[PDB]
Amino acid sequence: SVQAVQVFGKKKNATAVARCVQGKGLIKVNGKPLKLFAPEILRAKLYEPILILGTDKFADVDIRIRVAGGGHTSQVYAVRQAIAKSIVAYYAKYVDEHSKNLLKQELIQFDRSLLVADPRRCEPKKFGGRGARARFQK
Amino acid sequence: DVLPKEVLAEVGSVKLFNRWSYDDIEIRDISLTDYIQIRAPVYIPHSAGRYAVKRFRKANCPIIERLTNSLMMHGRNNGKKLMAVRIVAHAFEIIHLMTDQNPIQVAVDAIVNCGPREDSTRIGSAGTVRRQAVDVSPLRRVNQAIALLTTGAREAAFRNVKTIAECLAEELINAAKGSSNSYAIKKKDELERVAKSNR
Amino acid sequence: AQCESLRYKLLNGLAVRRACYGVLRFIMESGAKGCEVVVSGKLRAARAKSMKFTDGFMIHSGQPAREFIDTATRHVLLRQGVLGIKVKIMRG
Amino acid sequence: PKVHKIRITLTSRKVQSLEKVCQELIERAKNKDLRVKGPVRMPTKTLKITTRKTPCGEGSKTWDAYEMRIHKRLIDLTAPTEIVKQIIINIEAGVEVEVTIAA
Amino acid sequence: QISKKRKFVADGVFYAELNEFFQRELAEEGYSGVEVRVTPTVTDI
Amino acid sequence: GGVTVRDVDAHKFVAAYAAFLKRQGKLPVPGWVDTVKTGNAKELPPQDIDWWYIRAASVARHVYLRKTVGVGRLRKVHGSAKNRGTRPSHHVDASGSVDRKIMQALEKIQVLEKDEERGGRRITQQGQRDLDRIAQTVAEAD
Amino acid sequence: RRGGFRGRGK
Amino acid sequence: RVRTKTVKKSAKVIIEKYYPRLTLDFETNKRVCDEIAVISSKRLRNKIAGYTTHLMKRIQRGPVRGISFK
Amino acid sequence: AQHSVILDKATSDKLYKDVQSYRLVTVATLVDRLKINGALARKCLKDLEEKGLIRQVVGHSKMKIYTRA
Amino acid sequence: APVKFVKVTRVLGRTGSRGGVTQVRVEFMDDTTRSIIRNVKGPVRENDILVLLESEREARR
RNA sequence: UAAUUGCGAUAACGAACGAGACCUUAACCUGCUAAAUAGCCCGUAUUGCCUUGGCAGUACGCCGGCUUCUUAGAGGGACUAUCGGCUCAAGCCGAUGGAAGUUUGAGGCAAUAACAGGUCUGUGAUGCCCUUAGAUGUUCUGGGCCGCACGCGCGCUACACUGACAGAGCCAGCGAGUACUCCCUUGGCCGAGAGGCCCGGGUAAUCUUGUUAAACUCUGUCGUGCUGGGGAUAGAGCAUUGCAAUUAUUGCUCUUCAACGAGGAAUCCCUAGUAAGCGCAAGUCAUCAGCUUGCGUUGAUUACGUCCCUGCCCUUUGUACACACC
Ligand SMILES: [Mg+2]
Ligand SMILES: [Mg+2]
Ligand SMILES: [Mg+2]
Ligand SMILES: [Mg+2]
Ligand SMILES: [Mg+2]
Ligand SMILES: [Mg+2]
Ligand SMILES: [Mg+2]
């Protein structure tokens, strides 16, 4: 039937759920186009998974993503992490892996973080983060 | 369509920074390689790396973000990489216009020339100093060179009509050659001179 | 139950050591692997002191101290003052 | 015999008894040929209280935080009103039950 | 008609009241803990 | 091809719709301009003269993106920090009358209507057609 | 100016 | 990574009591231990199986002082 | 220390015969060597940009820099 | 000054009152036979290269 | 080896505490069990653009399907599974599957013997003494605990262009809420502002709440002048809370516009989601946070050492010290 795959990406507190449906080469983010949803200087941090791979490999793929929670850079890190898994899951499931293996190896040699998440959270303590109160005379 | 027309010019060629290339790297000396990492190009400096877990993880790391990190100090400028990345990129744009060479072409020679080769060590002598005048490792040399350039820019731009956008830019071109009128050289010559005296 | 039995032994005239020892013996026949009684206060002197009686195994560290250990404490009034008692028993 | 779409709410402090309560209720209900809806998983309610450990204020200043966890575990059924009376029998201590006809 | 969250403290204080009263009254009779089972319109101790 | 609201940058679009609304030049003003504080947290009035028109237009942009919104929501959306002096800053909301009347006047222009069935104000059929027409007027203007 | 007491010698 | 006596006593007794039916593979030791032992913790179950499979590596290559499997 | 907020012919004449040789022209440069106020310098940037002698490299709301054509 | 380049071949513990100074065995990387002993302030790996202005001075131990 | 943690030699053998073991939590499980106070897809109805099949949207289904996201249970795997370079052994470092192997991270609990340490002002826990009807008991009115030539501590806003001001863009989490009297509060109207009036929802994954917070980003004004940085001090006017606001409880409007250019001898804290910057929730509360306990956004320079100062542990050694180098 219809060709589709579902992926999700996570960050510290930013969740980015993605729907990959066989389409015609259309990319839209959070409703907004790719021109808008990012800070102005970090919009570059969105195009690398596309430019490193080539636009010719996005012939019949459509992606719709909803992201929430966290901060601006958490959201952009969630979407950049979600795109790699969406494309590799669609190619692995629906087409020959001759593309998939070269996509995966070339992308991970450029950056390993596309497939694995970075675990970092905060630690509670009874004086603040890691520093205590001032002491009188040592 | 899906890509901007600006980046479409460079996407056909090999991957590089949009404004400037990473080819034609300096041939000037040795013993400073293997600690400056340029084999993997990066578009924007900003990156959430894992370089602060082991000892020498910072040796394999792009230089540009390290400069951005050292550029932000003195309490107020904590966490503002959005501001820092634009300022550093503009500084490379400013330095590009005074010299046809690549901004990284000038920047690498700037770092490689402003690194001290000797330093004085503190050995206790019951109130006196037995300064042995030890040498400096290359990694500490580049680490301190970055600090000198950043504190020089911050001190110069402090309480001055100039702005940090070109205030940072002017040291890189000044330090590219042996001008001797920069803050980094002011600290550098004093350190070798005191080591020379205290040998 | 032993805590009130010790209470009864202390209200009527009787040596504190003998009453506590009787408690220690009374624990053992039931099948407890260990027991411990702590008595504090003025041991016939102006200065106060404390005594400990212990038998069998003992745990101090883990969270099993909250459930595997049964503990109790009571206050007893005397003609001249107050004496404190603490009893712990571990049941297998 | 008119169906009323019953719903019963549960609350307790401990967690193990409620799970086997629902485990026995679902089997007690399926065999009578009643349309049963699954045991949805309600969020756990965590509550915290902070107070000073020391009772006098002398020495260093240190605090301790007590906490408490609650589970709800809602379940619903479609059946007449009289049938659920004999289906909610044999409950043990601790677990309280509240019935809502939801007519 | 009160919320469950406030109810769970009232029944805990109710259990504490039973324990404290039994310490102050039945200490001679070998008191060792109690347990309360609540049922609609009737309760057991 | 066809374009919509999503196809244009919000910052440049709002300037374009303010220029478009200049040409009609008919929105009632109760004289509140140049005297209101526009917000407790704020301290200076806006320099630009058509701040009332860019603000009324911006209110219509956000109501275009939300399904039901009221004065309280616009009250706290436009709030910011206030310098209370030597105390640390906090978050307080903007002025209420300016934001209430700037969108109360927007009803009679046939841009958005009441939502009394559940509350608030929503966008109307022919009201959206104006922003839709200006979407094509700006999109291919590039 | 001059302090005594505690541990000092010679 | 230093193991206390509790694991040590169990490892010697299991190794000497049941030598031949079990081999150098760790996967087998994990599922074998609980039928022939009463252990209240999964992590300790991993602890005993993990060391016992390392010990059989030295049993296969020569003898160890203090162990005499049947 | 104080600069001039108005531009007279005595300052006008330096511009149209000197701006052909500067590599960079900025607000800092004008307040530095032209001895003019910063607001007047920013005006000097904007009136002179439209006559068609200098080209934009990068534009921003806080600082702007211009070079030769 | 005829500044020369030298490379480190082995590190032998950390000396000094505060561990700032390090003791290494270096190789002249121009005459592979020659080898002397120097002191270094920063972290050192094998095959690292250092720049030496003067070699005649030798350090303790 | 983080450890009296072990390998082993042995006039010692076998045992009991502590560490560990243990418990909660962050991690992870494209399986099993399920889910309209949780979601997704599917089918429709259906607004606008472009017709186009299309795109941005909105509504319905209550056995249309799913659970992939989400939740919560049971058991999985974490044990280094496997592997490299050392060693007979105890043990340490790295890689691949894996998010991880630094004990994955951080906590709770945590030995014998002790201090003339703190508390009779927490307790209807308590000895002795004292006043007990001209009361040290209880209670009502008013004031005080905040009173100011001065030295000291824990903190907040600042000494500006790496800045201020004005418009626009726009991203969280932990929590809290209705009585025998109104508790968080949506929507509508009036009101510069603080506030006032009128319907309505929520004993709460349903409503407040998507808590669309701050930081931050774009476009403009100001231009190094203690100035548009900084807001101490004081006058006038308008409001809510409480029985009662003066030595104003607090808030709002206009005006007044101090000191303060990175701070002497000295001195505190800290190893990755860490320091610092910034805000939010809860507590005490009719109202007031510059306080504490937690929660989240953005997130760094240098080291992965040693016992030099100031301290801790084991052995040998010296003593005229045992209230023990005060
Ligand atoms: Mg904390
Ligand atoms: Mg133990
Ligand atoms: Mg201890
Ligand atoms: Mg009194
Ligand atoms: Mg002033
Ligand atoms: Mg408060
Ligand atoms: Mg002697």
# chains A, B, ... in the order shown; residues from 1 in each chain; ligands from 1
call {"tool": "residues_around", "arguments": {"residues": "residue 68 (chain D)", "least_positions_apart": "6", "cutoff": "8 Å", "atoms": "only C-alpha atoms (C1' of nucleotides)", "output": "number ranges by chain"}}
result
D: 46-48
call {"tool": "residues_near_ligand", "arguments": {"ligand": "ligand 2", "cutoff": "8 Å", "atoms": "only C-alpha atoms (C1' of nucleotides) and all ligand atoms", "output": "PDB file with N, CA, C and O atoms (P, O5', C5', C4', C3', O3' and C1' of nucleotides), in the first residue's frame"}}
result
ATOM      1  N   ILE C  59      22.924  -5.518  62.183  1.00  0.00           N
ATOM      2  CA  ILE C  59      22.998  -4.741  60.954  1.00  0.00           C
ATOM      3  C   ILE C  59      22.818  -3.273  61.318  1.00  0.00           C
ATOM      4  O   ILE C  59      22.092  -2.933  62.256  1.00  0.00           O
ATOM      5  N   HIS C  60      23.492  -2.398  60.571  1.00  0.00           N
ATOM      6  CA  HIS C  60      23.443  -0.965  60.837  1.00  0.00           C
ATOM      7  C   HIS C  60      23.216  -0.159  59.563  1.00  0.00           C
ATOM      8  O   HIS C  60      22.688   0.956  59.614  1.00  0.00           O
ATOM      9  N   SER C  61      23.608  -0.715  58.418  1.00  0.00           N
ATOM     10  CA  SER C  61      23.857   0.092  57.227  1.00  0.00           C
ATOM     11  C   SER C  61      22.648   0.219  56.303  1.00  0.00           C
ATOM     12  O   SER C  61      22.142   1.323  56.087  1.00  0.00           O
ATOM     13  N   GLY C  62      22.167  -0.893  55.758  1.00  0.00           N
ATOM     14  CA  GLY C  62      21.223  -0.830  54.665  1.00  0.00           C
ATOM     15  C   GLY C  62      19.822  -0.441  55.093  1.00  0.00           C
ATOM     16  O   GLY C  62      19.522  -0.222  56.266  1.00  0.00           O
TER      17      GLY C  62
ATOM     18  P     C K  17      27.395  -9.337  61.779  1.00  0.00           P
ATOM     19  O5'   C K  17      27.781  -7.891  62.322  1.00  0.00           O
ATOM     20  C5'   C K  17      27.859  -6.784  61.442  1.00  0.00           C
ATOM     21  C4'   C K  17      28.342  -5.541  62.146  1.00  0.00           C
ATOM     22  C3'   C K  17      28.600  -4.348  61.240  1.00  0.00           C
ATOM     23  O3'   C K  17      27.429  -3.629  60.896  1.00  0.00           O
ATOM     24  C1'   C K  17      30.457  -4.647  62.646  1.00  0.00           C
ATOM     25  P     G K  18      27.172  -3.210  59.366  1.00  0.00           P
ATOM     26  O5'   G K  18      28.387  -2.239  59.017  1.00  0.00           O
ATOM     27  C5'   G K  18      28.530  -0.981  59.661  1.00  0.00           C
ATOM     28  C4'   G K  18      29.814  -0.297  59.265  1.00  0.00           C
ATOM     29  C3'   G K  18      30.038  -0.107  57.772  1.00  0.00           C
ATOM     30  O3'   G K  18      29.347   1.008  57.238  1.00  0.00           O
ATOM     31  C1'   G K  18      31.983  -1.015  58.726  1.00  0.00           C
ATOM     32  P     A K  19      28.764   0.942  55.742  1.00  0.00           P
ATOM     33  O5'   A K  19      30.047   0.667  54.844  1.00  0.00           O
ATOM     34  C5'   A K  19      30.878   1.731  54.409  1.00  0.00           C
ATOM     35  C4'   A K  19      31.880   1.252  53.394  1.00  0.00           C
ATOM     36  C3'   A K  19      31.295   0.667  52.117  1.00  0.00           C
ATOM     37  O3'   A K  19      30.939   1.648  51.161  1.00  0.00           O
ATOM     38  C1'   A K  19      32.945  -0.792  52.957  1.00  0.00           C
ATOM     39  P     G K  20      29.512   1.567  50.432  1.00  0.00           P
ATOM     40  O5'   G K  20      29.588   0.183  49.647  1.00  0.00           O
ATOM     41  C5'   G K  20      30.484  -0.004  48.562  1.00  0.00           C
ATOM     42  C4'   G K  20      30.599  -1.465  48.208  1.00  0.00           C
ATOM     43  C3'   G K  20      29.291  -2.149  47.844  1.00  0.00           C
ATOM     44  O3'   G K  20      28.937  -1.920  46.491  1.00  0.00           O
ATOM     45  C1'   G K  20      30.467  -3.478  49.402  1.00  0.00           C
ATOM     46  P     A K  21      27.403  -1.946  46.008  1.00  0.00           P
ATOM     47  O5'   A K  21      26.776  -3.283  46.610  1.00  0.00           O
ATOM     48  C5'   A K  21      27.044  -4.553  46.035  1.00  0.00           C
ATOM     49  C4'   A K  21      26.540  -5.667  46.918  1.00  0.00           C
ATOM     50  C3'   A K  21      25.037  -5.670  47.145  1.00  0.00           C
ATOM     51  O3'   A K  21      24.315  -6.236  46.069  1.00  0.00           O
ATOM     52  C1'   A K  21      26.139  -5.960  49.210  1.00  0.00           C
TER      53        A K  21
END
call {"tool": "closest_atom_pairs", "arguments": {"of": "chain K", "to": "ligand 7", "cutoff": "12 Å", "atoms": "only C-alpha atoms (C1' of nucleotides) and all ligand atoms", "output": "Markdown table"}}
result
| residue | atom | partner | partner_atom_place_in_ligand_line | distance |
| --- | --- | --- | --- | --- |
| K:317 | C1' | ligand 7 | 1 (Mg) | 9.6 |
| K:318 | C1' | ligand 7 | 1 (Mg) | 5.2 |
| K:319 | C1' | ligand 7 | 1 (Mg) | 7.7 |
call {"tool": "write_last_selection", "arguments": {"atoms": "C-alpha atoms (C1' of nucleotides)", "output": "PDB file, in the first residue's frame"}}
result
ATOM      1  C1'   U K 317      61.506   5.775  66.287  1.00  0.00           C
ATOM      2  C1'   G K 318      62.143   9.596  70.799  1.00  0.00           C
ATOM      3  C1'   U K 319      59.886  11.640  75.353  1.00  0.00           C
TER       4        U K 319
END
call {"tool": "closest_atom_pairs", "arguments": {"of": "chain E", "to": "chain D", "cutoff": "8 Å", "atoms": "only C-alpha atoms", "output": "Markdown table"}}
result
| residue | atom | partner | partner_atom | distance |
| --- | --- | --- | --- | --- |
| E:4 | CA | D:11 | CA | 7.9 |
| E:37 | CA | D:93 | CA | 5.6 |
| E:38 | CA | D:93 | CA | 7.5 |
call {"tool": "residues_around", "arguments": {"residues": "region 33-49 of chain F", "least_positions_apart": "4", "cutoff": "9 Å", "atoms": "only C-alpha atoms (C1' of nucleotides)", "output": "PDB file with N, CA, C and O atoms (P, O5', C5', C4', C3', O3' and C1' of nucleotides), in the first residue's frame"}}
result
ATOM      1  N   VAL F  29      -9.746  55.470  15.875  1.00  0.00           N
ATOM      2  CA  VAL F  29      -8.751  55.737  16.903  1.00  0.00           C
ATOM      3  C   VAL F  29      -9.393  56.568  18.007  1.00  0.00           C
ATOM      4  O   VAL F  29      -9.920  57.651  17.735  1.00  0.00           O
ATOM      5  N   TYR F  53      -0.613  50.733  14.321  1.00  0.00           N
ATOM      6  CA  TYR F  53      -1.089  49.997  13.162  1.00  0.00           C
ATOM      7  C   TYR F  53      -0.278  48.732  13.006  1.00  0.00           C
ATOM      8  O   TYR F  53      -0.834  47.666  12.699  1.00  0.00           O
ATOM      9  N   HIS F  78       2.610  39.929  25.219  1.00  0.00           N
ATOM     10  CA  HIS F  78       3.409  41.123  24.970  1.00  0.00           C
ATOM     11  C   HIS F  78       4.095  41.675  26.215  1.00  0.00           C
ATOM     12  O   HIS F  78       4.715  42.741  26.138  1.00  0.00           O
ATOM     13  N   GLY F  79       4.005  40.990  27.353  1.00  0.00           N
ATOM     14  CA  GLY F  79       4.699  41.452  28.536  1.00  0.00           C
ATOM     15  C   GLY F  79       6.179  41.109  28.512  1.00  0.00           C
ATOM     16  O   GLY F  79       6.646  40.284  27.728  1.00  0.00           O
ATOM     17  N   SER F  80       6.926  41.764  29.397  1.00  0.00           N
ATOM     18  CA  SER F  80       8.368  41.561  29.486  1.00  0.00           C
ATOM     19  C   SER F  80       8.824  41.910  30.899  1.00  0.00           C
ATOM     20  O   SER F  80       8.009  42.161  31.791  1.00  0.00           O
ATOM     21  N   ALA F  81      10.140  41.919  31.101  1.00  0.00           N
ATOM     22  CA  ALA F  81      10.714  42.219  32.403  1.00  0.00           C
ATOM     23  C   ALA F  81      10.647  43.712  32.704  1.00  0.00           C
ATOM     24  O   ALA F  81      10.625  44.552  31.801  1.00  0.00           O
ATOM     25  N   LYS F  82      10.621  44.036  33.997  1.00  0.00           N
ATOM     26  CA  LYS F  82      10.582  45.415  34.466  1.00  0.00           C
ATOM     27  C   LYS F  82      11.725  45.655  35.438  1.00  0.00           C
ATOM     28  O   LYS F  82      11.960  44.839  36.336  1.00  0.00           O
ATOM     29  N   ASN F  83      12.432  46.768  35.259  1.00  0.00           N
ATOM     30  CA  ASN F  83      13.507  47.154  36.171  1.00  0.00           C
ATOM     31  C   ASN F  83      12.870  47.766  37.412  1.00  0.00           C
ATOM     32  O   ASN F  83      12.515  48.947  37.428  1.00  0.00           O
ATOM     33  N   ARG F  84      12.724  46.959  38.461  1.00  0.00           N
ATOM     34  CA  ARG F  84      12.108  47.407  39.703  1.00  0.00           C
ATOM     35  C   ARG F  84      13.057  48.199  40.594  1.00  0.00           C
ATOM     36  O   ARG F  84      12.653  48.603  41.691  1.00  0.00           O
ATOM     37  N   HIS F  91       8.622  39.032  35.766  1.00  0.00           N
ATOM     38  CA  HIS F  91       7.811  39.100  34.556  1.00  0.00           C
ATOM     39  C   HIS F  91       6.450  39.677  34.916  1.00  0.00           C
ATOM     40  O   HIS F  91       5.761  39.149  35.795  1.00  0.00           O
ATOM     41  N   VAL F  92       6.069  40.759  34.235  1.00  0.00           N
ATOM     42  CA  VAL F  92       4.772  41.392  34.415  1.00  0.00           C
ATOM     43  C   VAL F  92       4.197  41.682  33.034  1.00  0.00           C
ATOM     44  O   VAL F  92       4.923  41.789  32.042  1.00  0.00           O
ATOM     45  N   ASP F  93       2.876  41.806  32.975  1.00  0.00           N
ATOM     46  CA  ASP F  93       2.169  41.926  31.710  1.00  0.00           C
ATOM     47  C   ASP F  93       2.055  43.385  31.270  1.00  0.00           C
ATOM     48  O   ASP F  93       2.280  44.321  32.041  1.00  0.00           O
ATOM     49  N   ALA F  94       1.700  43.565  30.000  1.00  0.00           N
ATOM     50  CA  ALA F  94       1.607  44.881  29.383  1.00  0.00           C
ATOM     51  C   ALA F  94       0.276  45.531  29.760  1.00  0.00           C
ATOM     52  O   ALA F  94      -0.478  45.022  30.593  1.00  0.00           O
ATOM     53  N   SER F  95      -0.016  46.687  29.169  1.00  0.00           N
ATOM     54  CA  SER F  95      -1.272  47.365  29.455  1.00  0.00           C
ATOM     55  C   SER F  95      -2.435  46.625  28.804  1.00  0.00           C
ATOM     56  O   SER F  95      -2.307  46.045  27.722  1.00  0.00           O
ATOM     57  N   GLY F  96      -3.581  46.651  29.479  1.00  0.00           N
ATOM     58  CA  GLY F  96      -4.760  45.950  29.009  1.00  0.00           C
ATOM     59  C   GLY F  96      -5.648  46.689  28.027  1.00  0.00           C
ATOM     60  O   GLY F  96      -6.125  46.096  27.054  1.00  0.00           O
ATOM     61  N   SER F  97      -5.886  47.980  28.279  1.00  0.00           N
ATOM     62  CA  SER F  97      -6.808  48.744  27.444  1.00  0.00           C
ATOM     63  C   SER F  97      -6.316  48.858  26.008  1.00  0.00           C
ATOM     64  O   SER F  97      -7.107  48.741  25.063  1.00  0.00           O
ATOM     65  N   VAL F  98      -5.014  49.087  25.821  1.00  0.00           N
ATOM     66  CA  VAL F  98      -4.492  49.274  24.470  1.00  0.00           C
ATOM     67  C   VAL F  98      -4.701  48.008  23.650  1.00  0.00           C
ATOM     68  O   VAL F  98      -5.228  48.052  22.530  1.00  0.00           O
ATOM     69  N   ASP F  99      -4.386  46.848  24.236  1.00  0.00           N
ATOM     70  CA  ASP F  99      -4.491  45.601  23.493  1.00  0.00           C
ATOM     71  C   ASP F  99      -5.941  45.174  23.334  1.00  0.00           C
ATOM     72  O   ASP F  99      -6.276  44.497  22.356  1.00  0.00           O
TER      73      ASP F  99
ATOM     74  P     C K 165      17.266  49.257  28.658  1.00  0.00           P
ATOM     75  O5'   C K 165      16.611  50.210  27.561  1.00  0.00           O
ATOM     76  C5'   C K 165      16.181  51.520  27.901  1.00  0.00           C
ATOM     77  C4'   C K 165      15.810  52.319  26.678  1.00  0.00           C
ATOM     78  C3'   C K 165      14.685  51.746  25.828  1.00  0.00           C
ATOM     79  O3'   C K 165      13.404  52.072  26.336  1.00  0.00           O
ATOM     80  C1'   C K 165      16.483  52.390  24.437  1.00  0.00           C
ATOM     81  P     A K 166      12.147  51.103  26.086  1.00  0.00           P
ATOM     82  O5'   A K 166      11.872  51.189  24.518  1.00  0.00           O
ATOM     83  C5'   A K 166      11.182  52.302  23.969  1.00  0.00           C
ATOM     84  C4'   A K 166      10.926  52.131  22.494  1.00  0.00           C
ATOM     85  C3'   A K 166      10.254  50.832  22.080  1.00  0.00           C
ATOM     86  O3'   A K 166       8.854  50.834  22.292  1.00  0.00           O
ATOM     87  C1'   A K 166      12.062  51.289  20.629  1.00  0.00           C
ATOM     88  P     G K 167       7.995  49.514  21.971  1.00  0.00           P
ATOM     89  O5'   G K 167       7.626  49.667  20.429  1.00  0.00           O
ATOM     90  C5'   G K 167       6.724  48.770  19.800  1.00  0.00           C
ATOM     91  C4'   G K 167       7.191  48.396  18.415  1.00  0.00           C
ATOM     92  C3'   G K 167       7.185  46.912  18.086  1.00  0.00           C
ATOM     93  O3'   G K 167       5.906  46.407  17.750  1.00  0.00           O
ATOM     94  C1'   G K 167       9.234  47.849  17.400  1.00  0.00           C
ATOM     95  P     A K 192      -9.076  55.597  31.352  1.00  0.00           P
ATOM     96  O5'   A K 192      -7.493  55.445  31.468  1.00  0.00           O
ATOM     97  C5'   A K 192      -6.860  54.179  31.332  1.00  0.00           C
ATOM     98  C4'   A K 192      -5.450  54.324  30.818  1.00  0.00           C
ATOM     99  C3'   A K 192      -4.434  53.315  31.330  1.00  0.00           C
ATOM    100  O3'   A K 192      -4.485  52.087  30.626  1.00  0.00           O
ATOM    101  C1'   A K 192      -3.526  55.497  31.455  1.00  0.00           C
ATOM    102  P     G K 193      -4.855  50.723  31.390  1.00  0.00           P
ATOM    103  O5'   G K 193      -3.814  50.648  32.592  1.00  0.00           O
ATOM    104  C5'   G K 193      -2.463  50.267  32.374  1.00  0.00           C
ATOM    105  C4'   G K 193      -1.622  50.537  33.595  1.00  0.00           C
ATOM    106  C3'   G K 193      -2.100  49.871  34.878  1.00  0.00           C
ATOM    107  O3'   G K 193      -1.646  48.532  34.983  1.00  0.00           O
ATOM    108  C1'   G K 193      -1.634  52.155  35.291  1.00  0.00           C
ATOM    109  P     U K 221      18.705  54.522  12.579  1.00  0.00           P
ATOM    110  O5'   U K 221      18.436  55.138  14.025  1.00  0.00           O
ATOM    111  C5'   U K 221      17.465  56.159  14.216  1.00  0.00           C
ATOM    112  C4'   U K 221      17.212  56.429  15.679  1.00  0.00           C
ATOM    113  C3'   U K 221      18.408  56.930  16.477  1.00  0.00           C
ATOM    114  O3'   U K 221      18.603  58.326  16.333  1.00  0.00           O
ATOM    115  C1'   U K 221      17.337  55.190  17.668  1.00  0.00           C
ATOM    116  P     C K 252       4.808  49.224  40.691  1.00  0.00           P
ATOM    117  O5'   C K 252       3.731  50.233  40.100  1.00  0.00           O
ATOM    118  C5'   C K 252       2.834  49.824  39.080  1.00  0.00           C
ATOM    119  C4'   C K 252       1.746  50.844  38.868  1.00  0.00           C
ATOM    120  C3'   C K 252       2.215  52.221  38.434  1.00  0.00           C
ATOM    121  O3'   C K 252       2.458  52.294  37.042  1.00  0.00           O
ATOM    122  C1'   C K 252       0.641  52.433  40.194  1.00  0.00           C
TER     123        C K 252
END
call {"tool": "residues_near_ligand", "arguments": {"ligand": "ligand 4", "cutoff": "10 Å", "atoms": "only C-alpha atoms (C1' of nucleotides) and all ligand atoms", "output": "MDAnalysis selection string"}}
result
chainID K and resid 136:138
call {"tool": "residues_around", "arguments": {"residues": "residue 75 (chain D)", "least_positions_apart": "5", "cutoff": "12 Å", "atoms": "only C-alpha atoms (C1' of nucleotides)", "output": "MDAnalysis selection string"}}
result
(chainID D and resid 5:11 18:19 21:23 25:26 36:42 97:100) or (chainID K and resid 34:35)
call {"tool": "residues_near_ligand", "arguments": {"ligand": "ligand 1", "cutoff": "6 Å", "atoms": "only C-alpha atoms (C1' of nucleotides) and all ligand atoms", "output": "VMD selection string"}}
result
(chain A and resid 124 to 129) or (chain K and resid 294)
call {"tool": "atom_distance", "arguments": {"atom1": "CA of residue 43 (chain A)", "atom2": "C1' of residue 213 (chain K)"}}
result
24.8 Å
call {"tool": "residues_near_ligand", "arguments": {"ligand": "ligand 5", "cutoff": "12 Å", "atoms": "only C-alpha atoms (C1' of nucleotides) and all ligand atoms", "output": "PyMOL selection string"}}
result
chain K and resi 225-231+256-258
call {"tool": "write_last_selection", "arguments": {"atoms": "C-alpha atoms (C1' of nucleotides)", "output": "PDB file, in the first residue's frame"}}
result
ATOM      1  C1'   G K 225      30.347  62.455  27.605  1.00  0.00           C
ATOM      2  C1'   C K 226      30.516  59.365  34.999  1.00  0.00           C
ATOM      3  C1'   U K 227      25.595  60.734  29.102  1.00  0.00           C
ATOM      4  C1'   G K 228      19.684  58.060  27.151  1.00  0.00           C
ATOM      5  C1'   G K 229      24.848  53.434  32.094  1.00  0.00           C
ATOM      6  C1'   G K 230      23.535  53.639  37.529  1.00  0.00           C
ATOM      7  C1'   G K 231      18.683  54.434  40.821  1.00  0.00           C
ATOM      8  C1'   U K 256      13.841  64.934  42.435  1.00  0.00           C
ATOM      9  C1'   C K 257      19.046  61.974  39.180  1.00  0.00           C
ATOM     10  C1'   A K 258      23.588  61.044  44.954  1.00  0.00           C
TER      11        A K 258
END
call {"tool": "closest_residue", "arguments": {"among": "K:174, K:304, K:110, K:214", "to": "chain D", "atoms": "only C-alpha atoms (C1' of nucleotides)"}}
result
K:174
